Structure formats: C-alpha cells, structure tokens
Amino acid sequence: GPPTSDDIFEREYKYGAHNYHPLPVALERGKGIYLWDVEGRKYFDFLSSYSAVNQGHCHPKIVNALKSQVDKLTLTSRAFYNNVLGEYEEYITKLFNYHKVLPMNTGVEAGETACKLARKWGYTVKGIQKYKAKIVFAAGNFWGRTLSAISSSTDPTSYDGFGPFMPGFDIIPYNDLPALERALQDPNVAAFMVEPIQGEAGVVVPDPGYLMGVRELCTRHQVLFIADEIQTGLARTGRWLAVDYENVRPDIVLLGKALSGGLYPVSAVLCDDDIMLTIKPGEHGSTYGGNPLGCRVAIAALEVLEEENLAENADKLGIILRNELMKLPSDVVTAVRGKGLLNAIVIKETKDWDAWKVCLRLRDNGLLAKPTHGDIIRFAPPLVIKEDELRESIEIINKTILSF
C-alpha cells in the first residue's frame, strides 16, 4: 500500500484498465459534502457521483442501516424469499404511486429491464408481430455501457468499435415534439425512453411543456412512456421526480444512484400491473437484485430524502447557484442551465483555457467537478448542503473562472 497520490495513479495505470481518464485527485475519506485526499487536502464535491450521494457521503442513517443488516443476512438469491424485500417494495411503490417495482442493481440493468418490458408488452398486449417491436430514444441519451445501451447512443466514443448493434432502436432529436409525433406513426413502436433532463449530455433541459407533450403523444399512439430518472429523480432537480415539475405520470419510471446513497448498487423499475405482469416467472432477474442488504440501505436512503426535505432545499439553493453563475462574464461562461442542484456551465474553449484546465484549477482551490464534453462543467453538490457552504463554493468558482 503506497500512501501518496502519484503512487495511487501509477498503480492503477499498471494493474487496472485504462477505460477512464479521471481528474488527477486520489480521495481517501468522504463525509456529507466534503471529500479528503490522501495528503489530507479538503474539497467540496460538486459531482455527487453523478447524483448517487444526494444524501452526502456516508450519511449516518444510511450507514447504520447497512451496519445493522450485514450482521443478519446479505444474500439468499431470489431462489428463496428474504424478509426485507417486500417491505422495501411496499414503501417504494406507495411512495411513487405505482402498483409494482422490479428490483435491479445498476442503472443499465433498470434500462435493460424497461426495454424487455416495453417489448414484451408490445408483443403480448399491443399485438405487434414478433420481433418487429421498436423503442425510440432521444439524441444525446445515456443509460449505460451495455451493447444495447450503446446501440441507442449518438456518441461515437460509446459505440465506435463495439460491433453489431441491437436492432429495433430508433433515434430522434431531444426536445422535439414534431419528431416524436412523426416517429410514433409506426404502429410497431412500443415505447419512447427519455430523460426529463439529459445528464451525461451536459445537463440539457427541455422547453417547458415537452414532458406533457411526450405524455400526450405516447397516450394518443398507444406507446409506453419510459422516464429515465436514474440521475434526475430522488430530489436533485427539486422534486421527487423531475417529471413532477409538469405533473406527468410515465408508464415506467427508472430509479437508481441515490436510491442507495452511494452505499450499495440499487436500481428500481416502477410500473403498473398491465405492464409489469407481461413478464411471467423465470423470464427475468438478477442474482443480487432485491437482496436484503440493498433493500435496507434503500429504505434508509429514501427516508433521509423525505425527512430532511432535500427536494425543497435543492430547489431553493439551485436558484441561488444559477443566479450567481449568471453574474460571471458572457465572454467566458456562454451558458448557465439546470433545475434544482443539477446545473452546468459551458466555457468558451480558447487558446488560453478549456473546461479540463478550469476543473484542474477548481481542484487546486478546493472544489471537485468534471467536464462532460470539453466545454461543459457540471455543478451537482450533495442535497444536504446549506446556504453558507454553497456561497463558499460559489466564491471558489468565481475566483477560479476569473483567474484565467
């Protein structure tokens, strides 16, 4: 065990795969909104592990839930029942007001599950001829790194080199109701999968009334509306789900990341009986999906969000953050956009700087954030952050931006 930061990089370089190019910073401790590196330096976290730690790192109540259950039982597999799962299922379903939930582990798996449902329902309920069922996605979407996920990606870095692509995936522009209308003319379309705000694409927010339109068009052409809320859901945008901003009820909602508070890989797929029960016994699952340990963390993690009114906090602090960022000069920061605490800025890439360089200097001033395309820096702190703390971070941003 080499203790120094450079030794952590070079050890991961030798023995680990080069499938990431992370911001050079070796972290050793995390608590609430703060991260510490192995030389003891302290950083505000403005990524929140793409929203996985809405509750802040190692939130005590979520930690205790984990610590309590590990001493009892962690995995039976779903060959048997465990005592915890059904309790979790009763909570999550009643919370979001859907008949049933299907538990999975990672975010991609929730997506894969939704496509399987979309398709199954397409064949069995809609009466589409077998293996002609289609799913529409939006350009800029991101929902994982499986062969299926990357088959619906408009990002060359994701799909280039990764071999024949899954058929039945059509792609239309995001934030475009005429495009959706055009596409849903084909009776073989089963679902449209879309994010209320596109995270990985650079916090792209659609025009007011987009989600209402999507809901209305889906209903009109008998097509399932799948809301991927893995990153925008669970309080970050300032509501339980980002779709709540327009009072829209998707057929299928996907949850992940914050569902655990960073303590365990837990994802969920929420839908009603007419859709969910198209999948009979033996036809879908996952070894760790619904395990006792994950479910306990999830209950705790959801309790934190509700009882600390983190949505309401996120909404109000979001406004402050954006208003301050808009005071930066238009020549340097060309855009500020977001809902709640899922915001971003676009920096003008020039001969004296880019987003990477900025993020390096932010790190040197005690703030951690990562660029997502080369001009776009994302500002997503944990939702347990308070007004003064946020105003310290903003000063760190201003300082760093104005120093170039």
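Note that the rigid core is defined as the largest set of C-alphas that superpose within 1.5 Å between two forms. Throughout, we count residues from 1 along the sequence that is shown.
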| query | finding |
| --- | --- |
| Larger mean CA deviation from the shown form in 8 other deposited structures of this protein [core fit; 346-354 vs 29-37] | 346-354 |
| 181-189 set against 304-312, stretch whose average Cα temperature factor tops the other in the entry | 304-312 |
| Of 366-374 and 350-358, the stretch whose C-alpha atoms average the higher B-factor in the entry | 350-358 |
| Maximum C-alpha temperature factor, selected from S286, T106, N323, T113 | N323 |
| Deposited CA B-factor, highest of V204, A79, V297, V194 | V297 |
| Lowest, middle or highest third - CA B-factor, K14 | middle |
| Lowest, middle or highest third - CA B-factor, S152 | middle |
| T124 by Cα B-factor - lowest, middle or highest third of the modelled chain | middle |
| Chain-relative CA temperature factor third for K134 | lowest |
| Third of chain Cα B-factors occupied by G86 | middle |
